[PDB]
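K.L.:
Protein chains in written order, with the entry's author numbering: chain A, 128 to 325; chain C, 128 to 325; chain B, 128 to 325. For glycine and all other residues, C-beta sits at the position ideal for the given N, C-alpha and C.
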Amino acid sequence: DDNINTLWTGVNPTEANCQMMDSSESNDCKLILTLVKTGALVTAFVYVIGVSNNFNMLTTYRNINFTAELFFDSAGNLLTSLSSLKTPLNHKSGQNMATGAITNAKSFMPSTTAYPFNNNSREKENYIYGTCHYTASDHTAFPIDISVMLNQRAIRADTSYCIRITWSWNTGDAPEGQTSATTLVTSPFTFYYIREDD
Amino acid sequence: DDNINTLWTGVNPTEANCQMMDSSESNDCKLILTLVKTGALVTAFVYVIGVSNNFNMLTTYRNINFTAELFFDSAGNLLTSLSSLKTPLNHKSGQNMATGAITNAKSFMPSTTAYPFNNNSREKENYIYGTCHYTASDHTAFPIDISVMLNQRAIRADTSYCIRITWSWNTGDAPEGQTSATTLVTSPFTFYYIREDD
Amino acid sequence: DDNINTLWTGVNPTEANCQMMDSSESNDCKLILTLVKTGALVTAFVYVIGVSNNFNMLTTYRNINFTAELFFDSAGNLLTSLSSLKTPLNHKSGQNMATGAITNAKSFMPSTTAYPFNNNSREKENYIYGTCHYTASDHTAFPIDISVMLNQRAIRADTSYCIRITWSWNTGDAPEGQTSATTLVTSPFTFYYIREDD
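#1: Where DSSP assigns a beta bridge to A:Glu196, which residues make up the other side?
#2: Please report the residue range of the alpha helix (DSSP H) in which C:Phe182 lies.
#3: Which full runs of the beta strand (DSSP E) of 3+ residues lie inside the region 261-289 of chain A, going along the chain?
#4: Got a sec? Which residues, its chain only, sit under 8 Å from C:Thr262 by beta carbon, not counting five neighbours each side?
#5: Under 8 Å: do the region 130-141 of chain B and the region 281-292 of chain B share three or more Cβ pairs, one atom per stretch?
#6: Under three-state DSSP, which class holds B:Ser234?
#7: May I ask you to list the residues that DSSP assigns as paired with B:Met224?
#8: Using the rule of at least 16 other Cβ atoms within 10 Å of the residue's Cβ for burial, across every protein chain shown, is A:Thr141 buried or exposed?
#9: Do B:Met276 and B:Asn253 have their CB atoms nearer than 8 Å?
#10: Where does C:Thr187 fall in DSSP's three states?
#11: Could you tell me how far apart the beta carbons of C:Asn183 and C:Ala308 are, in whole angstroms, since I believe they sit closer than 8 Å?
#12: Need the endpoints of the beta strand (DSSP E) that C:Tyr242 sits in, please.
#13: Where does C:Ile131 fall in DSSP's three states?
#14: Starting from the beta carbon of B:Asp324, find every residue of chain C whose beta carbon is closer than 8 Å, and list them in chain order.
#15: Could you work out which residues of chain B lie near C:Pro315, taking near to mean beta carbons separated by less than 7 Å?
#16: Since A:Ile159 sits in a beta bridge, which residues does DSSP pair it with?
#17: Apart from the five residues just before and just after C:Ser287, which ones in its own chain have a Cβ nearer than 7 Å to its Cβ?
#18: List the endpoints of the continuous beta strand (DSSP E) containing A:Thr317.
#19: Does C:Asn144 come out as helix, strand or coil in the three-state DSSP assignment?
#20: Using a beta-carbon distance below 8 Å, is C:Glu252 in contact with chain A?
#21: How do the region 161-171 of chain A and the region 160-179 of chain B stand: do at least 3 beta-carbon pairs fall below 8 Å, yes or no?
#22: Is there a Cβ of chain B sitting closer than 8 Å to that of residue 100 of chain C, yes or no?
#23: In the DSSP assignment, what are the bridge partners of B:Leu311?
#24: Taking a contact to mean a Cβ-Cβ separation below 8 Å, would you say A:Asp325 touches A:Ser264 in this structure?
#25: For C:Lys213, does the three-state DSSP call read helix, strand or coil?
#26: Is the CB of A:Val173 under 8 Å away from at least one CB in chain C?
#27: Taking beta-carbon pairs under 8 Å, can you tell me which members of the region 268-281 of chain A lie near chain C?
#28: Once you ignore the five residues that flank A:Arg189 on each side, which residues in its own chain have a CB closer than 6 Å to its CB?
#29: Where does A:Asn253 fall in DSSP's three states?
#30: Whole angstroms are fine: how far does the CA of C:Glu196 sit from the CA of C:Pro215?
#31: Indicate whether B:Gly177 and B:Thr310 have their beta-carbon atoms separated by less than 8 Å.
#32: Check whether chain A comes within 8 Å of residue 122 of chain B, counting only Cβ atoms and requiring the distance to be less than that.
#33: Going by CA-CA distance only, name the one from A:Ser238, A:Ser211, A:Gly203, A:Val169 that's closest to A:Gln146.
#34: Excluding the 5 residues flanking A:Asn144 on each side, which residues of the same chain have their C-beta closer than 7 Å to its C-beta?
Printed below as a string of structure tokens:
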């Protein structure tokens, strides 16, 4: 069954599954996250589809950053209370998540050997960088910086694995104006990391 | 069989398999396209090797764009009449294409759930961006912009899936002078998308 | 056995496994390289963790390039005497290298059909480009250019496959401008190439 090689959020969930902004008091966007087992690595495929007005209106600002913090327990299961993503991940079932148990969830996690916790000497190894784009109302591509930090620092005793994905930009002109903003959508960002063993 | 997880053009086809320019009277380049099933995703690996002098001479201009439009039917089979690529894709057979029937061709296609057709409010989700490089005669790397649009709009009724790939550059100087232009080759660009189910 | 789809260095080797710089008294860094078979392609995942003080202090200079030269024999075995990486690759065994025979080592190699040797007219096809980042002591990300040349030129009769990975920067400011005591860590760079057949 190839479906168990994927751990994901499903494609375009009906309702917002993620509370990205600190100012938000409920889910403000759809986090689309797909983790695929690819040999010793995980192929991580991530983007956001904005839902709340305040999140969508971030496209009108010149200086923005927002972070999806994903915390997982020792079994590789998402801790929804601590995490930005409020719906657990599961396997592929068509375009949706499966509903059963998760096979080898821990082996989707970022390796604590490759990406340690509380190790100042190896702190640089926890960082992955890249770019994605916001497609503007005029069809131009607005580049957005992405920083991923794997593990490095835990926030609670039961947080065994961490993925923190930060989207940011600092420009002279905002992606949109107040009247042109619609939905904050980031283009998919694919990154790779050495996966934990079961 | 691992070979059926690849749907591709084969390596460096003897003859030009693609008509990139409308002004060309026949195939003017080799489109190298490899689609690999990677869990819930497809790994899409693409570049061009120019063949015709007119296409190759595009490297002598400062402002250029060209697009490979790939249209597929409901079975996931290439519609060569509509598409830039004039030879159907098939599975891996060594460095070449297999000649038999394609297994699960529909699941190589970009998801219509992830990448809808004619949906204005979700149109931003259809776009993927990146960069490749042209290796110049002096061995400097000339960056080329890439815009990919999946599905979004279908030009004919039997078209069920679309992959449109646009290479472009707009610079102060052309990649090559008149006496240094040889072959327009783009470095491989790899992108990812959520695949359709069978 | 999925473990045989990876050919790698293992995670964070105890000792430096690579001599990046010709002048170094011994191995000067940890080359972390993971090659994963992905359909017709190899997903190549590479970065460097500096070990020696002389190599780590390269980040204080403004115009630096260094290259990992990886040479393999006709069976796909690393030729350590000729190569920057001085420890053979092997399969995944947890976070470490396996210690047995390598299964189908040849099909991890860059295709000589896709990436020829001594063919000037096709030389542009041998190149892959990208960027990674050096994380500075202030935790800012400094972009580093990466160039990969596959095959193209052999250095000895038994060198059947070559992977040459060059990290470089040439900017107004050095990657590290705040201290002489910080580890040269490059963020992971992932590239793709068409693999040889067994």
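P.N.:
In this structure, then:
#1: A:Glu196 pairs with A:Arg291.
#2: Following the DSSP letters along the chain, one finds C:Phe182 inside the alpha helix (DSSP H) bounded by residues 180-183.
#3: Segments of the beta strand (DSSP E) lying fully in the region 261-289 of chain A: 268-277.
#4: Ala268, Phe269, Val312, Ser314.
#5: For the pair of segments examined, the region 130-141 of chain B was found not to touch the region 281-292 of chain B: the number of CB pairs separated by less than 8 Å stays below three.
#6: For B:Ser234, the three-state secondary structure derived from DSSP is helix.
#7: Note: B:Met224 sits in a beta bridge opposite B:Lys219.
#8: By the neighbour-count definition (other C-beta atoms within 10 Å, threshold 16), A:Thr141 is an exposed residue.
#9: Taking 8 Å as the cut-off, the beta carbon of B:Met276 is found closer than this to the beta carbon of B:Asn253.
#10: When DSSP states are grouped into helix, strand and coil, C:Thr187 belongs to the helix group.
#11: Going by Cβ atoms, the distance from C:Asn183 to C:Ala308 rounds to 6 Å, so yes, they are a contact pair.
#12: Run containing C:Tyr242: none; DSSP gives neither H nor E here.
#13: Helix, per DSSP.
#14: Going along chain C in sequence order, the residues near B:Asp324 (Cβ under 8 Å) are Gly221, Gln222.
#15: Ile255, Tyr319, listed in chain order.
#16: The partner list for A:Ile159 (beta bridge, DSSP) reads A:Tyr174.
#17: By the criterion of a C-beta distance shorter than 7 Å, C:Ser287 is surrounded in its chain by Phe199, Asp200, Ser201, once the five residues flanking it on both sides are discounted.
#18: Residue range 316-321 is occupied by the beta strand (DSSP E) that includes A:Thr317.
#19: Three-state result, C:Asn144: coil.
#20: So yes, C:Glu252 belongs to the interface.
#21: Contact holds: three or more Cβ-Cβ distances are below 8 Å.
#22: The displayed coordinates of chain C run from 128 to 325. Any statement about residue 100 of chain C would go beyond what the structure contains.
#23: Beta-bridge partners of B:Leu311 (DSSP): none assigned.
#24: A:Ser264 is positioned such that its CB atom lies no closer than 8 Å to that of A:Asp325.
#25: Coil, per DSSP.
#26: Cβ-Cβ to chain C under 8 Å: no for A:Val173.
#27: Taking a C-beta cut-off of 8 Å against chain C, the contacting residues of the region 268-281 of chain A are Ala268, listed in chain order.
#28: Counting only residues of its own chain and dropping the five nearest sequence neighbours on each side, A:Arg189 has a CB closer than 6 Å to the CB of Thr298, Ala301.
#29: DSSP, read as helix, strand or coil, puts A:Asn253 in helix.
#30: Roughly 13 Å between the two C-alpha positions.
#31: The answer is yes: Cβ separation under 8 Å.
#32: No information on residue 122 of chain B is available, as it lies outside the stretch 128 to 325 that chain B covers here.
#33: Ranking the options by Cα distance to A:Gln146, first place goes to A:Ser211.
#34: If we look at A:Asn144 and ignore the five residues flanking it on each side, its Cβ neighbours are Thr136, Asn154, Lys157, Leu158, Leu212, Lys213, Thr214.
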